[PDB]
file run_29.cif (mmCIF, C-alpha atoms)
data_model
loop_
_atom_site.group_PDB
_atom_site.id
_atom_site.type_symbol
_atom_site.label_atom_id
_atom_site.label_comp_id
_atom_site.auth_asym_id
_atom_site.auth_seq_id
_atom_site.Cartn_x
_atom_site.Cartn_y
_atom_site.Cartn_z
ATOM 1 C CA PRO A 9 4.206 11.959 -8.117
ATOM 2 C CA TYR A 10 3.667 12.929 -11.766
ATOM 3 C CA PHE A 11 0.012 11.974 -11.491
ATOM 4 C CA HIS A 12 -2.335 9.635 -9.639
ATOM 5 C CA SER A 13 -5.964 8.524 -9.667
ATOM 6 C CA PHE A 14 -8.174 5.467 -9.369
ATOM 7 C CA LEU A 15 -8.516 3.305 -12.495
ATOM 8 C CA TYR A 16 -10.411 0.148 -13.427
ATOM 9 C CA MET A 17 -8.128 -2.505 -14.837
ATOM 10 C CA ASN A 18 -8.102 -5.768 -16.909
ATOM 11 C CA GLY A 19 -10.014 -8.922 -17.426
ATOM 12 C CA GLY A 20 -7.006 -11.207 -16.864
ATOM 13 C CA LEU A 21 -8.225 -14.783 -17.325
ATOM 14 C CA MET A 22 -11.925 -14.331 -16.413
ATOM 15 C CA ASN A 23 -12.847 -10.799 -17.595
ATOM 16 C CA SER A 24 -12.594 -9.347 -14.051
ATOM 17 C CA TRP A 25 -12.396 -5.585 -13.575
ATOM 18 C CA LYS A 26 -11.063 -4.046 -10.359
ATOM 19 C CA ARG A 27 -10.778 -0.466 -9.097
ATOM 20 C CA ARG A 28 -7.077 0.279 -8.605
ATOM 21 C CA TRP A 29 -5.364 3.346 -7.189
ATOM 22 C CA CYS A 30 -2.670 4.174 -9.712
ATOM 23 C CA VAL A 31 0.370 6.394 -9.488
ATOM 24 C CA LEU A 32 3.139 7.419 -11.878
ATOM 25 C CA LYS A 33 6.408 8.718 -10.412
ATOM 26 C CA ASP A 34 10.069 8.434 -11.464
ATOM 27 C CA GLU A 35 9.058 6.656 -14.698
ATOM 28 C CA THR A 36 7.302 3.818 -12.822
ATOM 29 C CA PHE A 37 3.582 3.142 -13.200
ATOM 30 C CA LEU A 38 2.162 1.248 -10.200
ATOM 31 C CA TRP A 39 -1.333 0.197 -9.113
ATOM 32 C CA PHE A 40 -2.711 -0.595 -5.638
ATOM 33 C CA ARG A 41 -5.921 -2.094 -4.187
ATOM 34 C CA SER A 42 -6.549 1.147 -2.291
ATOM 35 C CA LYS A 43 -5.111 4.648 -2.030
ATOM 36 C CA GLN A 44 -1.855 4.823 -0.243
ATOM 37 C CA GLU A 45 -2.420 7.534 2.284
ATOM 38 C CA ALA A 46 -0.714 6.781 5.577
ATOM 39 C CA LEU A 47 2.503 7.310 7.451
ATOM 40 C CA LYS A 48 3.287 3.717 6.739
ATOM 41 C CA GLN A 49 1.389 0.772 5.270
ATOM 42 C CA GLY A 50 2.346 -2.830 4.535
ATOM 43 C CA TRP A 51 1.994 -6.542 5.270
ATOM 44 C CA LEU A 52 3.178 -7.917 8.619
ATOM 45 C CA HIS A 53 2.869 -11.329 10.259
ATOM 46 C CA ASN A 54 1.389 -10.835 13.738
ATOM 47 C CA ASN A 55 -0.209 -12.608 16.713
ATOM 48 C CA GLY A 56 -3.746 -11.188 16.590
ATOM 49 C CA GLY A 57 -4.747 -9.299 19.714
ATOM 50 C CA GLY A 58 -1.240 -9.659 21.126
ATOM 51 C CA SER A 59 -1.939 -13.216 22.243
ATOM 52 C CA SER A 60 0.959 -14.860 24.107
ATOM 53 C CA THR A 61 -0.716 -18.236 23.537
ATOM 54 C CA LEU A 62 -0.785 -18.201 19.709
ATOM 55 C CA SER A 63 1.907 -20.314 18.016
ATOM 56 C CA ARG A 64 4.098 -18.619 15.383
ATOM 57 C CA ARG A 65 2.637 -20.962 12.744
ATOM 58 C CA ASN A 66 -0.806 -19.515 13.454
ATOM 59 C CA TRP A 67 0.400 -15.880 13.232
ATOM 60 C CA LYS A 68 -1.688 -14.431 10.416
ATOM 61 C CA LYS A 69 -0.370 -12.013 7.800
ATOM 62 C CA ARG A 70 -2.287 -8.722 7.916
ATOM 63 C CA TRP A 71 -2.252 -5.358 6.147
ATOM 64 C CA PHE A 72 -1.100 -2.605 8.500
ATOM 65 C CA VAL A 73 -1.971 1.082 8.167
ATOM 66 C CA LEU A 74 -0.615 3.653 10.609
ATOM 67 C CA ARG A 75 -2.434 6.961 10.413
ATOM 68 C CA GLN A 76 -2.034 9.112 13.477
ATOM 69 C CA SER A 77 -1.294 7.520 16.816
ATOM 70 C CA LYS A 78 -3.429 4.517 15.742
ATOM 71 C CA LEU A 79 -1.726 1.466 14.249
ATOM 72 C CA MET A 80 -4.612 -0.381 12.578
ATOM 73 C CA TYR A 81 -4.625 -3.551 10.475
ATOM 74 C CA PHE A 82 -6.971 -5.229 8.007
ATOM 75 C CA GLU A 83 -7.688 -8.618 6.416
ATOM 76 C CA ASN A 84 -6.578 -7.397 2.945
ATOM 77 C CA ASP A 85 -4.649 -4.525 1.356
ATOM 78 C CA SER A 86 -8.094 -3.482 0.070
ATOM 79 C CA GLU A 87 -8.782 -2.207 3.618
ATOM 80 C CA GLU A 88 -12.356 -3.509 3.502
ATOM 81 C CA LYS A 89 -12.373 -5.445 6.787
ATOM 82 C CA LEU A 90 -10.869 -3.818 9.886
ATOM 83 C CA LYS A 91 -9.203 -6.500 11.975
ATOM 84 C CA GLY A 92 -7.707 -4.462 14.845
ATOM 85 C CA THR A 93 -6.395 -1.172 16.230
ATOM 86 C CA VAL A 94 -3.471 -0.348 18.492
ATOM 87 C CA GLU A 95 -2.929 3.080 20.029
ATOM 88 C CA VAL A 96 0.860 3.464 19.726
ATOM 89 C CA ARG A 97 1.225 6.286 22.277
ATOM 90 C CA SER A 98 -0.179 4.021 24.987
ATOM 91 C CA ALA A 99 2.527 1.409 24.472
ATOM 92 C CA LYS A 100 5.165 0.870 27.177
ATOM 93 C CA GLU A 101 7.917 0.773 24.557
ATOM 94 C CA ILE A 102 8.824 -0.269 21.021
ATOM 95 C CA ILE A 103 11.684 -2.745 20.532
ATOM 96 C CA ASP A 104 13.875 -2.989 17.451
ATOM 97 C CA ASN A 105 14.407 -6.666 16.694
ATOM 98 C CA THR A 106 15.239 -6.420 12.972
ATOM 99 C CA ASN A 107 18.458 -8.329 13.596
ATOM 100 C CA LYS A 108 16.874 -11.415 15.194
ATOM 101 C CA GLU A 109 13.683 -11.887 13.170
ATOM 102 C CA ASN A 110 13.171 -8.745 11.065
ATOM 103 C CA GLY A 111 10.615 -7.874 13.721
ATOM 104 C CA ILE A 112 9.292 -5.124 15.961
ATOM 105 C CA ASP A 113 7.634 -5.514 19.372
ATOM 106 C CA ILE A 114 4.986 -3.200 20.793
ATOM 107 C CA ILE A 115 4.967 -3.858 24.548
ATOM 108 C CA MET A 116 1.472 -3.058 25.774
ATOM 109 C CA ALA A 117 -0.277 -3.472 29.157
ATOM 110 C CA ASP A 118 0.057 -7.191 29.926
ATOM 111 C CA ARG A 119 0.991 -8.327 26.421
ATOM 112 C CA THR A 120 3.275 -7.516 23.508
ATOM 113 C CA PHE A 121 2.283 -7.233 19.850
ATOM 114 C CA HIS A 122 4.795 -8.936 17.567
ATOM 115 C CA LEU A 123 5.117 -7.395 14.096
ATOM 116 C CA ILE A 124 7.281 -9.431 11.712
ATOM 117 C CA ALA A 125 8.286 -8.181 8.255
ATOM 118 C CA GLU A 126 10.153 -9.879 5.383
ATOM 119 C CA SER A 127 13.212 -7.622 5.190
ATOM 120 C CA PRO A 128 15.514 -5.712 7.599
ATOM 121 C CA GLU A 129 14.736 -2.402 5.822
ATOM 122 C CA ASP A 130 10.988 -2.894 6.136
ATOM 123 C CA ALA A 131 11.418 -3.716 9.842
ATOM 124 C CA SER A 132 13.663 -0.670 10.265
ATOM 125 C CA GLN A 133 11.100 1.629 8.626
ATOM 126 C CA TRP A 134 8.258 0.334 10.821
ATOM 127 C CA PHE A 135 10.359 0.595 13.993
ATOM 128 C CA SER A 136 11.390 4.141 13.000
ATOM 129 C CA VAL A 137 7.846 5.524 12.454
ATOM 130 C CA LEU A 138 6.454 3.628 15.486
ATOM 131 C CA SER A 139 9.272 4.829 17.724
ATOM 132 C CA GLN A 140 8.672 8.406 16.564
ATOM 133 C CA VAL A 141 4.864 8.578 16.947
ATOM 134 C CA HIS A 142 5.223 6.961 20.393
ATOM 135 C CA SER A 143 7.242 9.932 21.699
ATOM 136 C CA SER A 144 5.595 12.816 19.850
ATOM 137 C CA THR A 145 2.961 15.439 20.664
ATOM 138 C CA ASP A 146 -0.283 15.713 18.659
ATOM 139 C CA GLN A 147 1.205 18.696 16.827
ATOM 140 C CA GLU A 148 4.465 16.847 16.079
ATOM 141 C CA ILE A 149 2.406 13.943 14.651
ATOM 142 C CA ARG A 150 0.179 16.080 12.455
ATOM 143 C CA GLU A 151 3.434 17.384 11.100
ATOM 144 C CA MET A 152 4.638 13.938 9.961
ATOM 145 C CA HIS A 153 4.833 13.109 6.245
ATOM 146 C CA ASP A 154 2.983 10.217 4.565
ATOM 147 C CA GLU A 155 5.383 7.721 3.183
ATOM 148 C CA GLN A 156 5.738 7.754 -0.519
ATOM 149 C CA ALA A 157 3.933 4.973 -2.320
ATOM 150 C CA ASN A 158 5.806 1.708 -1.719
ATOM 151 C CA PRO A 159 6.541 -0.495 -4.782
ATOM 152 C CA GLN A 160 6.385 -3.514 -2.441
ATOM 153 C CA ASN A 161 2.673 -2.840 -1.773
ATOM 154 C CA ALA A 162 1.732 -2.487 -5.446
ATOM 155 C CA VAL A 163 -0.351 -5.218 -7.105
ATOM 156 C CA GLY A 164 1.905 -4.688 -10.127
ATOM 157 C CA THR A 165 4.420 -2.176 -11.470
ATOM 158 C CA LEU A 166 5.601 -0.998 -14.901
ATOM 159 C CA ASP A 167 8.621 0.917 -16.174
ATOM 160 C CA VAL A 168 7.294 3.454 -18.704
ATOM 161 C CA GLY A 169 10.423 2.677 -20.749
ATOM 162 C CA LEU A 170 8.927 -0.744 -21.479
ATOM 163 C CA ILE A 171 5.722 0.752 -22.935
ATOM 164 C CA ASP A 172 5.498 0.121 -26.675
ATOM 165 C CA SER A 173 2.006 1.571 -27.159
ATOM 166 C CA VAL A 174 -0.692 3.551 -25.318
ATOM 167 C CA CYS A 175 -3.947 3.769 -27.267
ATOM 168 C CA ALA A 176 -7.606 4.543 -26.649
ATOM 169 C CA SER A 177 -9.764 1.440 -26.612
ATOM 170 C CA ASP A 178 -12.834 2.474 -28.634
ATOM 171 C CA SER A 179 -15.172 0.253 -26.574
ATOM 172 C CA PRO A 180 -18.972 0.911 -26.514
ATOM 173 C CA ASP A 181 -19.454 0.009 -22.825
ATOM 174 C CA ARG A 182 -16.233 1.700 -21.668
ATOM 175 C CA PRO A 183 -15.839 5.065 -23.526
ATOM 176 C CA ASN A 184 -12.931 6.136 -21.279
ATOM 177 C CA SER A 185 -11.035 2.832 -21.630
ATOM 178 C CA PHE A 186 -7.502 2.580 -23.011
ATOM 179 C CA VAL A 187 -4.894 -0.150 -23.551
ATOM 180 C CA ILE A 188 -1.279 -0.253 -22.364
ATOM 181 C CA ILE A 189 0.897 -2.570 -24.494
ATOM 182 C CA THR A 190 4.386 -3.953 -23.734
ATOM 183 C CA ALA A 191 6.515 -6.724 -25.286
ATOM 184 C CA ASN A 192 5.299 -9.465 -22.959
ATOM 185 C CA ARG A 193 2.215 -7.868 -21.499
ATOM 186 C CA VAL A 194 -1.050 -6.141 -22.271
ATOM 187 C CA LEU A 195 -3.296 -4.348 -19.770
ATOM 188 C CA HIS A 196 -6.622 -2.578 -20.090
ATOM 189 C CA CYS A 197 -7.599 0.522 -18.123
ATOM 190 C CA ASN A 198 -10.672 2.668 -17.607
ATOM 191 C CA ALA A 199 -11.123 6.193 -16.238
ATOM 192 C CA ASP A 200 -14.107 7.882 -14.551
ATOM 193 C CA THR A 201 -13.899 10.858 -16.936
ATOM 194 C CA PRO A 202 -12.626 11.302 -20.543
ATOM 195 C CA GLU A 203 -10.076 13.937 -19.429
ATOM 196 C CA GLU A 204 -8.624 11.572 -16.810
ATOM 197 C CA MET A 205 -8.153 9.051 -19.631
ATOM 198 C CA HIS A 206 -6.600 11.456 -22.150
ATOM 199 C CA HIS A 207 -4.335 12.645 -19.373
ATOM 200 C CA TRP A 208 -3.154 9.063 -18.752
ATOM 201 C CA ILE A 209 -2.666 8.557 -22.504
ATOM 202 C CA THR A 210 -0.520 11.709 -22.578
ATOM 203 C CA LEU A 211 1.526 10.906 -19.477
ATOM 204 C CA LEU A 212 2.294 7.273 -20.321
ATOM 205 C CA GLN A 213 3.706 8.099 -23.785
ATOM 206 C CA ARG A 214 7.132 9.379 -22.670
ATOM 207 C CA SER A 215 9.643 6.520 -23.021
ATOM 208 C CA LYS A 216 10.841 3.562 -25.182
#

call {"tool": "encode", "arguments": {"input": "run_29.cif", "output": "structure tokens"}}
result
Amino acid sequence: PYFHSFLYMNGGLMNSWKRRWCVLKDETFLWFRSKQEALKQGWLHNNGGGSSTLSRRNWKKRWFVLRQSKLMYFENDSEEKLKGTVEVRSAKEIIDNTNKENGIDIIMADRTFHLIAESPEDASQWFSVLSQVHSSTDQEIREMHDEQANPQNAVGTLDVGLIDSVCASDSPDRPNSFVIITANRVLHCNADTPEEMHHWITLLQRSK
């Protein structure tokens, strides 16, 4: 990426500030609820625990993070509440079902974990990384690259080309706060340090 860091953003319709992990790359500014540091991360509908009794209607959407041989998932993309953990290399096999349901199966001991995505490409990516870690030594795993930040996981995105103005918000309570202004949108940001801010000001003024 060009640059990345955490940033505190907005006050939408209730003056609510949230810590967001932000990244600029290929002229797109994007912000997440947490740092994207994993081989793959994303939302997937799944039968919790690998229950064969659960009905597909009751399959909850969770936030999956695959880090080494451990495919874990959370309640939110904030990764605040760990909901479960599957050790991929202990699976019997992984099955590519992207053509029937945009899904992947992880066949475990007595049960199978169904992972359903919303697109064939997303299902293909998951199957690919899962299939690879499953048949890979510790060394060959520690050698694997973290996926690049996915635009589909971002809370919101912004083409720098649409930026009309990037200015420092001279606010008393937020000395490192700055405003990003577009034709149909305005968003406030805050940095931990003044240099982090000035750096963002510099980087974001490059297009339009």

call {"tool": "closest_residue", "arguments": {"input": "run_29.cif", "among": "A:124, A:162, A:137, A:117", "to": "residue 78 (chain A)", "atoms": "only C-alpha atoms"}}
result
A:137

call {"tool": "axis_aligned_box", "arguments": {"input": "run_29.cif", "around": "region 46-64 of chain A", "padding_each_side": "4 Å", "output": "JSON"}}
result
{"center_x": -0.3, "center_y": -6.5, "center_z": 14.3, "size_x": 16.8, "size_y": 35.6, "size_z": 27.6}

call {"tool": "resolve_selection", "arguments": {"input": "run_29.cif", "expression": "the PyMOL selection byres ((chain A and resi 45-48) around 10)", "output": "PyMOL selection string"}}
result
chain A and resi 42-44+49-50+72-76+79+133-134+137-138+141+149+152-158

call {"tool": "write_last_selection", "arguments": {"input": "run_29.cif", "atoms": "C-alpha atoms", "output": "PDB file, keeping the file's coordinate frame"}}
result
ATOM      1  CA  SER A  42      -6.549   1.147  -2.291  1.00  0.00           C
ATOM      2  CA  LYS A  43      -5.111   4.648  -2.030  1.00  0.00           C
ATOM      3  CA  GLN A  44      -1.855   4.823  -0.243  1.00  0.00           C
ATOM      4  CA  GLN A  49       1.389   0.772   5.270  1.00  0.00           C
ATOM      5  CA  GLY A  50       2.346  -2.830   4.535  1.00  0.00           C
ATOM      6  CA  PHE A  72      -1.100  -2.605   8.500  1.00  0.00           C
ATOM      7  CA  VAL A  73      -1.971   1.082   8.167  1.00  0.00           C
ATOM      8  CA  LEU A  74      -0.615   3.653  10.609  1.00  0.00           C
ATOM      9  CA  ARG A  75      -2.434   6.961  10.413  1.00  0.00           C
ATOM     10  CA  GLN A  76      -2.034   9.112  13.477  1.00  0.00           C
ATOM     11  CA  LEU A  79      -1.726   1.466  14.249  1.00  0.00           C
ATOM     12  CA  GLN A 133      11.100   1.629   8.626  1.00  0.00           C
ATOM     13  CA  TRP A 134       8.258   0.334  10.821  1.00  0.00           C
ATOM     14  CA  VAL A 137       7.846   5.524  12.454  1.00  0.00           C
ATOM     15  CA  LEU A 138       6.454   3.628  15.486  1.00  0.00           C
ATOM     16  CA  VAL A 141       4.864   8.578  16.947  1.00  0.00           C
ATOM     17  CA  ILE A 149       2.406  13.943  14.651  1.00  0.00           C
ATOM     18  CA  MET A 152       4.638  13.938   9.961  1.00  0.00           C
ATOM     19  CA  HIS A 153       4.833  13.109   6.245  1.00  0.00           C
ATOM     20  CA  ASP A 154       2.983  10.217   4.565  1.00  0.00           C
ATOM     21  CA  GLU A 155       5.383   7.721   3.183  1.00  0.00           C
ATOM     22  CA  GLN A 156       5.738   7.754  -0.519  1.00  0.00           C
ATOM     23  CA  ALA A 157       3.933   4.973  -2.320  1.00  0.00           C
ATOM     24  CA  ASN A 158       5.806   1.708  -1.719  1.00  0.00           C
TER      25      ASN A 158
END

call {"tool": "closest_residue", "arguments": {"input": "run_29.cif", "among": "A:186, A:142, A:15, A:58", "to": "residue 99 (chain A)", "atoms": "only C-alpha atoms"}}
result
A:142

call {"tool": "resolve_selection", "arguments": {"input": "run_29.cif", "expression": "the PyMOL selection byres ((chain A and resi 179-183) around 8)", "output": "PDB file with C-alpha atoms, keeping the file's coordinate frame"}}
result
ATOM      1  CA  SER A 177      -9.764   1.440 -26.612  1.00  0.00           C
ATOM      2  CA  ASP A 178     -12.834   2.474 -28.634  1.00  0.00           C
ATOM      3  CA  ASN A 184     -12.931   6.136 -21.279  1.00  0.00           C
ATOM      4  CA  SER A 185     -11.035   2.832 -21.630  1.00  0.00           C
ATOM      5  CA  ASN A 198     -10.672   2.668 -17.607  1.00  0.00           C
ATOM      6  CA  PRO A 202     -12.626  11.302 -20.543  1.00  0.00           C
TER       7      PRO A 202
END

call {"tool": "residues_near_point", "arguments": {"input": "run_29.cif", "point": "(-7.1, 0.7, 19.0)", "cutoff": "10 Å", "atoms": "only C-alpha atoms", "output": "PDB file with C-alpha atoms, keeping the file's coordinate frame"}}
result
ATOM      1  CA  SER A  77      -1.294   7.520  16.816  1.00  0.00           C
ATOM      2  CA  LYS A  78      -3.429   4.517  15.742  1.00  0.00           C
ATOM      3  CA  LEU A  79      -1.726   1.466  14.249  1.00  0.00           C
ATOM      4  CA  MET A  80      -4.612  -0.381  12.578  1.00  0.00           C
ATOM      5  CA  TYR A  81      -4.625  -3.551  10.475  1.00  0.00           C
ATOM      6  CA  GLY A  92      -7.707  -4.462  14.845  1.00  0.00           C
ATOM      7  CA  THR A  93      -6.395  -1.172  16.230  1.00  0.00           C
ATOM      8  CA  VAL A  94      -3.471  -0.348  18.492  1.00  0.00           C
ATOM      9  CA  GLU A  95      -2.929   3.080  20.029  1.00  0.00           C
ATOM     10  CA  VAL A  96       0.860   3.464  19.726  1.00  0.00           C
ATOM     11  CA  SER A  98      -0.179   4.021  24.987  1.00  0.00           C
TER      12      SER A  98
END

call {"tool": "resolve_selection", "arguments": {"input": "run_29.cif", "expression": "the PyMOL selection byres ((chain A and resi 131) around 10)", "output": "ChimeraX atom specification"}}
result
/A:52,104-107,109-112,123-130,132-136

call {"tool": "atom_distance", "arguments": {"input": "run_29.cif", "atom1": "CA of residue 187 (chain A)", "atom2": "CA of residue 18 (chain A)"}}
result
9.3 Å

call {"tool": "closest_residue", "arguments": {"input": "run_29.cif", "among": "A:175, A:60, A:97, A:119", "to": "residue 143 (chain A)", "atoms": "only C-alpha atoms"}}
result
A:97

call {"tool": "residues_around", "arguments": {"input": "run_29.cif", "residues": "residue 193 (chain A)", "least_positions_apart": "3", "cutoff": "10 Å", "atoms": "all atoms listed in the file", "output": "ChimeraX atom specification"}}
result
/A:170-171,188-190

call {"tool": "closest_residue", "arguments": {"input": "run_29.cif", "among": "A:67, A:39, A:25, A:51", "to": "residue 122 (chain A)", "atoms": "all atoms listed in the file"}}
result
A:67

call {"tool": "atom_distance", "arguments": {"input": "run_29.cif", "atom1": "CA of residue 86 (chain A)", "atom2": "CA of residue 71 (chain A)"}}
result
8.6 Å
